[PDB]
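What follows is a single structure, written as structure tokens, with notes after it.
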Amino acid sequence: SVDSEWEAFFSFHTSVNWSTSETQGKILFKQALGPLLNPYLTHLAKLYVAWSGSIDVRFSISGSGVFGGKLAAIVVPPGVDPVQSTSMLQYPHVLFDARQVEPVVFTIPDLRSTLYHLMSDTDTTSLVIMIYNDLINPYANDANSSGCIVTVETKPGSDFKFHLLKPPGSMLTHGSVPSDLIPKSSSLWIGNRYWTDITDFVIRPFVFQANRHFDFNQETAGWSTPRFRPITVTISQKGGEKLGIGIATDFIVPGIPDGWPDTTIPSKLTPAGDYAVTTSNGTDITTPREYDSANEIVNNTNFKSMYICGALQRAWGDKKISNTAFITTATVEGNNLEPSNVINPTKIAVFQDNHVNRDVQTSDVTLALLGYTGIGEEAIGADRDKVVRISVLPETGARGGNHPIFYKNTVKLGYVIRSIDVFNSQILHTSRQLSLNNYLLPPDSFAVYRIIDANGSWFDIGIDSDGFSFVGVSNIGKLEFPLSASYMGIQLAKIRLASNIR
Amino acid sequence: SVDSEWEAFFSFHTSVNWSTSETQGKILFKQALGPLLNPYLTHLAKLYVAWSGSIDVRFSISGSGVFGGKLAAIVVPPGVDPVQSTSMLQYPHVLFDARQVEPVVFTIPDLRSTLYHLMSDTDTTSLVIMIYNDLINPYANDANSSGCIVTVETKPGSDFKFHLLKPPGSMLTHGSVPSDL
Amino acid sequence: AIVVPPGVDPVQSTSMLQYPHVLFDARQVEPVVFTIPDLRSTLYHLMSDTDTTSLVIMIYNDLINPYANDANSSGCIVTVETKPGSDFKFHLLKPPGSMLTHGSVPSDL
Amino acid sequence: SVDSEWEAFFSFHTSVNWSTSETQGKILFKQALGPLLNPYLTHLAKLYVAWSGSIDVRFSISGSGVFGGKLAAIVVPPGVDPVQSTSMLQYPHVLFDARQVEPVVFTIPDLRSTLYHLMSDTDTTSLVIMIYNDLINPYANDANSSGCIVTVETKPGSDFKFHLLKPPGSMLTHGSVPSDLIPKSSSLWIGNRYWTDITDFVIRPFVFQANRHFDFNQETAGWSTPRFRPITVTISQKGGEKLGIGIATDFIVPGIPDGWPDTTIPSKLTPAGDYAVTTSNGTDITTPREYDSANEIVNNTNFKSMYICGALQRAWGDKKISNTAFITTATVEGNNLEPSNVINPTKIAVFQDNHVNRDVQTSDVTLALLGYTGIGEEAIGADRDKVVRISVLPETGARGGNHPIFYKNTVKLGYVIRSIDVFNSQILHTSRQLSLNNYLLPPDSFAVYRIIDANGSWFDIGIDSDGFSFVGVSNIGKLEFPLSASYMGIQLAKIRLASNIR
């Protein structure tokens with residue numbers, strides 16, 4: 001019928017899990033006006049610049065005649081932001097019961113300062129829901145008793161109409177919706193500190209990483225392009241023995257080579273020892289911890305905590321066969337190698353095949369990345385003292401009841417056989433976008449992303465205004481890895497990201 | 001729209017916890033007439049000296065289809081003060097069920113001796129609620145079994161309008177609301 | 001010819017053309033006259049609002065000439081006139097002297 | 001005004017370069033009906049399933065009062081496909097002059113068999129343009145005299161309206177528009193046979209490649225996932241010396257490991273010779289060709305044409321240090337290594353650190369990819385005899401006046417210093433899609449893609465129904481590499497892809 005059928009039916013937006021353990025007064029939908037709500041509108045809005053009117057919002061719950069409880073509805077005017085307190089209720093509101101099978105549908109009228117709302121106006125009328133009266137249940141007791149879900153649909157109000165038709169091509173002055181970061185599919189994900197695909201999650205209280213990490217304003221504390229490619233550096237043949245300290249050749253960070261690893265040696269170690277031990281091979285898996293016993297040991301081997309990497313030797317004047325490569329970042333005074341945490345154009349050591357005293361100079365070329373030195377079960381990047389900052393220290397603490405995560409990756413080792421992994425802050429594909437794009441997100445509203453395994457388990461992940469990953473569970477566990485994700489939008493970080501995991 | 005939007009929507013007033021251990025007949029809202037009810041009115045009243053008409057009162061409970069019980073509603077005329085006894089019920093009343101999801105909204109009509117109510121008149125019409133029939137619950141037993149809450153909103157009746165406009169500064173003869181200690 | 005809505009700034013690339021446009025020929029002796037409709041966020045535009053509707057022109061198809069060869073072959077000029085639209089009217093009458101909050105046009109250096 | 005402003009103005013579609021050397025009668029717009037034309041419609045159509053009516057088409061040329069020539073317009077009914085012959089004109093047509101400054105605008109009325117057109121119906125009314133009378137120019141002479149361009153816009157006809165509103169989520173039965181393959185940006189492109197970013201184009205008459213190559217029907221002659229990751233194989237320690245022949249561990253091709261290189265040794269060579277020569281180092285660049293002279297030589301070094309790759313050794317029972325890796329695919333009868341072209345679960349050789357006669361077995365683990373053996377200026381994959389087929393031989397000859405290309409990549413070498421490159425068939429990101437998606441394209445209509453450097457140069461690339469890259473120039477040259485692409489749609493491969501390069 002009408003060429004505007006969407007301007008008629010209802011589209012789903014989001015839904016939340018109202019738990020019986022959720023104390024009186026607690027926000028549930030900080031959702032605000034603006035065509036960013038409904039997807040159709042949001043899509044259509046790509047062709048205009050002007051919007052006005054309101055948006056109807058139908059939503060309901062599936063309460064059982066047993067339950068009892070009431071939800072509140074309040075239309076927050078522009079310029080104010082709702083707080084998760086009670087006082088919010090000393091405001092004209094609309095009570096709402098859990099039994100009511102009839103889904104409620106009211107409208108968020110647009111009160112405006114201007115005539116027409118510029119696409120980007122993030123300051124508009126808003127509506128919210130708060131648990132008036134707790135959710136009671138006749139068979140209380142232990143654990144998270146229960147709690148039903150609540151959905152929320154959306155339909156463009158009647159009085160809602162656009163206005164200014166933009167001419168195609170004239171780049172948008174603001175930024176697209178952040179619901180386009182993580183790829184819907186677990187397959188191609190891969191860490192940002194290491195080119196391996198993720199295979200697990202890390203529930204932590206703190207997170208820190210600058211190398212290849214990008215901010216939401218496109219800025220980056222880092223020192224390297226959001227991609228993994230070979231590292232080409234020119235080192236001046238020392239004539240004596242191993243040297244290090246070789247400045248890069250072509251990178252978007254004066255000195256500090258784009259692609260150069262992350263951490264540094266956790267102790268004033270020296271460069272030497274052939275196949276330096278860490279004892280017992282064949283004695284596979286008798287070893288994790290602190291060397292397990294006297295005979296059997298867990299860590300030494302001289303150049304420990306070193307980044308292994310194939311490498312093509314230059315030749316300058318002459319002499320062949322690549323041969324080595326063992327790197328990191330620290331000060332190379334003498335034949336020692338004290339660790340620096342601050343990274344500058346004077347801390348890039350390596351190992352070589354220099355040789356011959358004519359003092360032939362400017363050796364090598366390139367080297368990649370393959371492994372690292374088996375420092376026990378230390379998932380690289382778990383301590384500030386080990387992460388190398390260029391100046392600043394990008395991080396994030398537990399905002400709201402949410403906790404920060406990492407992305408348990410996997411890093412091959414050498415001397416041993418094959419093992420150990422390493423964390424990760426941003427799913428590579430993300431950073432990639434961050435740097436190449438430019439969005440808009442409230443410094444208090446994450447970027448709700450749904451994750452789901454192959455059974456039923458599912459949880460949400462958020463994105464910090466800085467660019468980190470958050471979770472609403474105290475601990476997550478094992479789940480079928482044929483994972484796939486999705487995007488919801490934004491929600492005040494002050495609310496937990498529900499999940500049906502465990 | 002109307003420069004009097006408050007004279008339209010409902011504002012919260014107070015709410016109480018109706019427990020299943022609360023014996024038959026027990027007051028819950030000794031609340032009385034007078035602009036002191038709704039905050040908007042109460043605030044606006046600061047500019048007048050005269051008020052009249054009634055005030056509508058919407059309020060409800062969130063009962064579960066399981067529960068059973070009835071609440072009573074009674075409009076106590078001025079000059080009398082409700083007692084927490086049963087006999088109160090041998091008076092025209094309006095029964096009320098815990099299941100009813102529909103929130104009730106009736107009015108407290110202003111019966112008056114005078115023409116216009118002086119701001120301070122603490123002797124006016126009044127409304128109250130009493131637990132007609134206990135609150136029963138199929139899974140009784142030990143401790144304070146359970147008991148749901150009940151809210152109460154307020155909206156200025158239609159026939160409610162002030163009257164005498166006081167000139168600013170002329171100190172108020174009575175006293176402000178104690179909700180400021 | 002393309003009418004760029006407010007909040008965006010035209011780039012000297014091609015993609016600009018994957019937008020509703022109006023082709024224009026070099027032969028057409030008839031001078032074209034269209035309007036730049038004002039789409040606005042507010043009700044009335046404050047004198048200083050530098051963020052408004054906009055129009056632009058881009059060379060769709062190169063300028064060809066049957067006698068090519070060396071040097072800057074040739075190339076003709078193009079003019080542009082202006083007339084206040086009908087629906088264009090002011091609104092707030094400022095009282096003299098009340099210093100202007102913004103700044104005069106730089107065409108006076 | 002109208003919430004349907006697009007249903008009013010005109011949108012650009014495509015334009016062509018009408019040359020004065022273009023002989024009488026030659027198609028220029030095989031364009032056919034269907035919302036796939038206009039982008040707005042095409043986009044909107046995502047929400048329906050039914051469309052009907054016609055589409056208006058405004059387009060014109062910028063002819064100079066000097067020129068002379070006429071273009072023809074013909075509305076080809078459904079079920080027939082226009083031929084690039086003259087006879088096409090013995091059909092009711094509409095003549096068209098080069099001088100006419102007034103842009104013509106007619107409609108392609110929808111004649112239909114059914115009531116409503118199912119989204120996928122590729123058999124509908126169609127319109128085309130053919131050069132009635134050559135393009136004449138008073139100052140003829142040498143070279144490609146001249147020739148002006150012609151554009152073509154589109155606007156949804158009035159009588160054009162959709163019909164069936166599909167419910168979201170119910171996966172589309174057909175396939176999206178192929179205008180979404182190549183990434184708009186030269187940056188992240190990288191070859192499909194090698195993980196290096198492209199840096200040049202190869203104008204060739206023939207093309208062949210199966211490994212990591214995908215068809216348009218999602219099928220692949222290949223033997224490996226459209227991605228680059230380490231190759232893990234288990235080889236049975238021979239006890240004697242070097243072995244090879246080790247079956248994979250986990251790949252979607254029985255035997256043939258996913259990721260295993262492409263070509264094989266071009267001669268019955270053996271496994272030996274330490275730093276086997278190919279003479280003169282330091283004698284840099286005195287050497288390309290056929291060894292240049294007696295003293296100086298260009299190719300031998302025993303294990304020539306071998307794929308170099310770091311590799312982590314297993315250990316089975318015992319004994320350490322990775323150490324080697326040099327691979328390819330051929331039969332390993334004895335200590336010889338004759339080349340097989342046909343690849344089966346019995347042709348995967350390597351080099352090792354087996355040792356000790358207890359006959360300790362099942363050695364190694366993994367190995368990656370770094371280099372190859374300097375076979376002169378041979379851009380790997382330039383001869384059928386060198387490319388390894390699993391059974392079939394995917395390729396493409398010069399369809400129409402168009403020529404096939406490759407993607408001159410870059411592959412590091414060893415013994416020398418650093419040099420030589422290698423071809424490539426599909427821009428990786430492409431194959432990636434091909435395998436993960438499912439589109440629709442006429443076996444005679446490419447996928448027009450525009451390429452542009454940083455000056456002005458620009459040309460088009462097409463996609464074969466099989467999945468190859470084509471060009472409309474006999475030779476392309478050097479151009480500023482800050483390249484970026486785009487997508488147009490589809491055009492009968494029988495037409496050349498114009499370009500403003502050279």
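For the structure tokens, the naming scheme is as follows: chains receive sequential letters (A, B, ...) according to their order of presentation, residues are indexed from 1 within each chain, and ligands are indexed from 1 in presentation order.
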
Q.
I'd like the neighbourhood of residue 10 of chain A as a VMD selection string, where a residue qualifies if any of its atoms comes within 8 Å (using only C-alpha atoms), though same-chain residues fewer than 3 positions away should be ignored.
A. chain A and resid 6 58 153 to 155

Could you make a table, as a Markdown table, of the residues of chain C that have an atom within 12 Å of an atom of chain D, each with its nearest atom pair and distance in Å to one decimal, counting only C-alpha atoms, in chain and number order?
| residue | atom | partner | partner_atom | distance |
| --- | --- | --- | --- | --- |
| C:2 | CA | D:11 | CA | 11.5 |
| C:12 | CA | D:454 | CA | 11.8 |
| C:13 | CA | D:454 | CA | 10.3 |
| C:14 | CA | D:452 | CA | 9.8 |
| C:15 | CA | D:486 | CA | 8.9 |
| C:16 | CA | D:12 | CA | 11.0 |
| C:17 | CA | D:12 | CA | 7.5 |
| C:18 | CA | D:12 | CA | 6.3 |
| C:19 | CA | D:11 | CA | 6.6 |
| C:20 | CA | D:11 | CA | 4.9 |
| C:21 | CA | D:11 | CA | 6.8 |
| C:22 | CA | D:10 | CA | 7.9 |
| C:23 | CA | D:60 | CA | 8.7 |
| C:24 | CA | D:62 | CA | 8.7 |
| C:25 | CA | D:62 | CA | 6.0 |
| C:26 | CA | D:62 | CA | 7.5 |
| C:27 | CA | D:101 | CA | 7.1 |
| C:28 | CA | D:101 | CA | 6.9 |
| C:29 | CA | D:101 | CA | 10.2 |
| C:30 | CA | D:101 | CA | 11.0 |
| C:37 | CA | D:1 | CA | 11.6 |
| C:39 | CA | D:1 | CA | 11.0 |
| C:60 | CA | D:151 | CA | 9.3 |
| C:61 | CA | D:149 | CA | 7.0 |
| C:62 | CA | D:149 | CA | 8.8 |
| C:63 | CA | D:148 | CA | 9.3 |
| C:64 | CA | D:148 | CA | 7.4 |
| C:65 | CA | D:64 | CA | 8.6 |
| C:66 | CA | D:139 | CA | 7.2 |
| C:67 | CA | D:139 | CA | 7.8 |
| C:68 | CA | D:146 | CA | 9.6 |
| C:69 | CA | D:145 | CA | 11.6 |

(Q) Need to verify the contact set: residue 418 of chain D, 10 Å, only C-alpha atoms, exclusion of same-chain residues closer than 6 positions in sequence. Can you return it as a list in words? (A) residues 312, 313, 314, 315, 365 and 366 of chain A; 371, 374, 411 and 412 of chain D

Q | Residues of chain A within 7 Å of chain D, counting only C-alpha atoms, as number ranges by chain | A | A: 163, 282, 310, 314-315, 317-318, 321, 415, 417

Which polymer residues have any atom within 10 Å of an atom of segment 88-95 of chain C, counting only C-alpha atoms, with same-chain residues fewer than 2 positions away left out, as a PDB file with N, CA and C atoms, in the first residue's frame?
ATOM      1  N   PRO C  37      18.018  26.959  -2.077  1.00  0.00           N
ATOM      2  CA  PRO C  37      17.031  26.967  -1.006  1.00  0.00           C
ATOM      3  C   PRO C  37      17.652  26.833   0.363  1.00  0.00           C
ATOM      4  N   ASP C  38      17.126  27.613   1.296  1.00  0.00           N
ATOM      5  CA  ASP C  38      17.630  27.592   2.644  1.00  0.00           C
ATOM      6  C   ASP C  38      16.974  26.531   3.509  1.00  0.00           C
ATOM      7  N   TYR C  44      15.234  31.364  12.555  1.00  0.00           N
ATOM      8  CA  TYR C  44      15.869  32.482  11.861  1.00  0.00           C
ATOM      9  C   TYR C  44      17.392  32.425  11.976  1.00  0.00           C
ATOM     10  N   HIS C  45      18.116  32.673  10.885  1.00  0.00           N
ATOM     11  CA  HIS C  45      19.582  32.599  10.899  1.00  0.00           C
ATOM     12  C   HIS C  45      20.336  33.767  11.509  1.00  0.00           C
ATOM     13  N   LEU C  46      21.035  33.516  12.610  1.00  0.00           N
ATOM     14  CA  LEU C  46      21.799  34.578  13.259  1.00  0.00           C
ATOM     15  C   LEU C  46      22.861  35.066  12.271  1.00  0.00           C
ATOM     16  N   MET C  47      22.991  36.377  12.149  1.00  0.00           N
ATOM     17  CA  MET C  47      23.937  36.964  11.215  1.00  0.00           C
ATOM     18  C   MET C  47      25.232  36.216  10.983  1.00  0.00           C
ATOM     19  N   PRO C  84      18.715  38.420  -4.670  1.00  0.00           N
ATOM     20  CA  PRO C  84      18.026  37.902  -3.493  1.00  0.00           C
ATOM     21  C   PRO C  84      16.741  37.166  -3.845  1.00  0.00           C
ATOM     22  N   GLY C  85      16.651  35.918  -3.406  1.00  0.00           N
ATOM     23  CA  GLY C  85      15.469  35.127  -3.672  1.00  0.00           C
ATOM     24  C   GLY C  85      14.224  35.856  -3.217  1.00  0.00           C
ATOM     25  N   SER C  86      13.042  35.437  -3.690  1.00  0.00           N
ATOM     26  CA  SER C  86      11.793  36.088  -3.293  1.00  0.00           C
ATOM     27  C   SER C  86      11.500  35.853  -1.809  1.00  0.00           C
ATOM     28  N   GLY C  97      24.360  50.858  17.323  1.00  0.00           N
ATOM     29  CA  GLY C  97      25.253  50.959  18.455  1.00  0.00           C
ATOM     30  C   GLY C  97      25.167  49.792  19.413  1.00  0.00           C
ATOM     31  N   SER C  98      24.026  49.110  19.459  1.00  0.00           N
ATOM     32  CA  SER C  98      23.950  47.991  20.386  1.00  0.00           C
ATOM     33  C   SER C  98      25.099  47.044  20.071  1.00  0.00           C
ATOM     34  N   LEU C 100      29.086  44.922  16.698  1.00  0.00           N
ATOM     35  CA  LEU C 100      28.633  43.616  16.192  1.00  0.00           C
ATOM     36  C   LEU C 100      29.417  42.447  16.802  1.00  0.00           C
TER      37      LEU C 100
END

Q) What's the 10 Å shell around residue 97 of chain A, counting only C-alpha atoms, without same-chain residues fewer than 5 positions away, as a ChimeraX atom specification? A) /A:60-61,63,67-72,132-133 /B:60-64,101-103

Keeping N, CA, C and O atoms for every residue in the selection just given, could you write it to a file as a compact mmCIF listing (two decimals), in the first residue's frame?
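Dumped everything to out39.txt:
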# COMPACT_ATOMS: atom_id res chain seq x y z
N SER A 60 6.88 -3.61 25.88
CA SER A 60 6.20 -4.26 26.98
C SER A 60 7.03 -5.37 27.56
O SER A 60 8.14 -5.66 27.12
N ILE A 61 6.44 -6.00 28.56
CA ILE A 61 7.07 -7.07 29.28
C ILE A 61 6.13 -8.24 29.29
O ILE A 61 4.94 -8.08 29.04
N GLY A 63 5.03 -10.34 31.96
CA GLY A 63 4.93 -10.70 33.36
C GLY A 63 3.93 -11.80 33.60
O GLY A 63 2.98 -11.96 32.83
N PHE A 67 3.87 -12.56 39.68
CA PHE A 67 4.69 -11.40 39.97
C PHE A 67 3.96 -10.15 40.36
O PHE A 67 2.75 -10.02 40.20
N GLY A 68 4.73 -9.20 40.87
CA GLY A 68 4.17 -7.93 41.28
C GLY A 68 5.30 -6.94 41.20
O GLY A 68 6.43 -7.26 41.54
N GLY A 69 5.00 -5.74 40.76
CA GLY A 69 6.05 -4.75 40.67
C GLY A 69 5.58 -3.69 39.72
O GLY A 69 4.65 -3.92 38.95
N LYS A 70 6.22 -2.53 39.78
CA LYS A 70 5.82 -1.43 38.92
C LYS A 70 7.02 -0.72 38.30
O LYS A 70 8.06 -0.55 38.94
N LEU A 71 6.88 -0.31 37.05
CA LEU A 71 7.96 0.39 36.36
C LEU A 71 7.51 1.83 36.11
O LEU A 71 6.32 2.11 35.96
N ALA A 72 8.47 2.75 36.07
CA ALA A 72 8.14 4.14 35.88
C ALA A 72 8.55 4.66 34.53
O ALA A 72 9.53 4.21 33.94
N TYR A 132 10.24 1.53 39.55
CA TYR A 132 9.50 2.17 40.60
C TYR A 132 9.54 1.28 41.84
O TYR A 132 10.18 1.61 42.83
N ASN A 133 8.85 0.14 41.75
CA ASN A 133 8.80 -0.81 42.85
C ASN A 133 9.46 -2.10 42.51
O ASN A 133 9.15 -2.70 41.48
N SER B 60 -2.21 3.23 42.85
CA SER B 60 -2.47 1.82 42.67
C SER B 60 -1.37 0.98 43.27
O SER B 60 -0.40 1.48 43.83
N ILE B 61 -1.56 -0.32 43.12
CA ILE B 61 -0.65 -1.30 43.66
C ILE B 61 -0.27 -2.22 42.54
O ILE B 61 -0.95 -2.28 41.52
N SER B 62 0.78 -2.98 42.78
CA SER B 62 1.26 -3.93 41.81
C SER B 62 1.05 -5.33 42.38
O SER B 62 2.00 -5.97 42.81
N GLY B 63 -0.19 -5.79 42.38
CA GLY B 63 -0.47 -7.11 42.91
C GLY B 63 -0.25 -8.20 41.89
O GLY B 63 -0.37 -7.96 40.69
N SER B 64 0.09 -9.39 42.37
CA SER B 64 0.32 -10.53 41.49
C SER B 64 -0.95 -11.37 41.46
O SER B 64 -1.59 -11.54 42.49
N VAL B 101 -5.00 -4.28 38.17
CA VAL B 101 -3.83 -3.63 37.60
C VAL B 101 -4.21 -2.21 37.25
O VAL B 101 -3.37 -1.31 37.21
N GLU B 102 -5.49 -2.00 36.98
CA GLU B 102 -5.94 -0.67 36.63
C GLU B 102 -5.82 0.23 37.87
O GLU B 102 -6.35 -0.09 38.94
N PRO B 103 -5.06 1.35 37.77
CA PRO B 103 -4.89 2.27 38.90
C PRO B 103 -6.16 3.08 39.11
O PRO B 103 -6.70 3.63 38.15
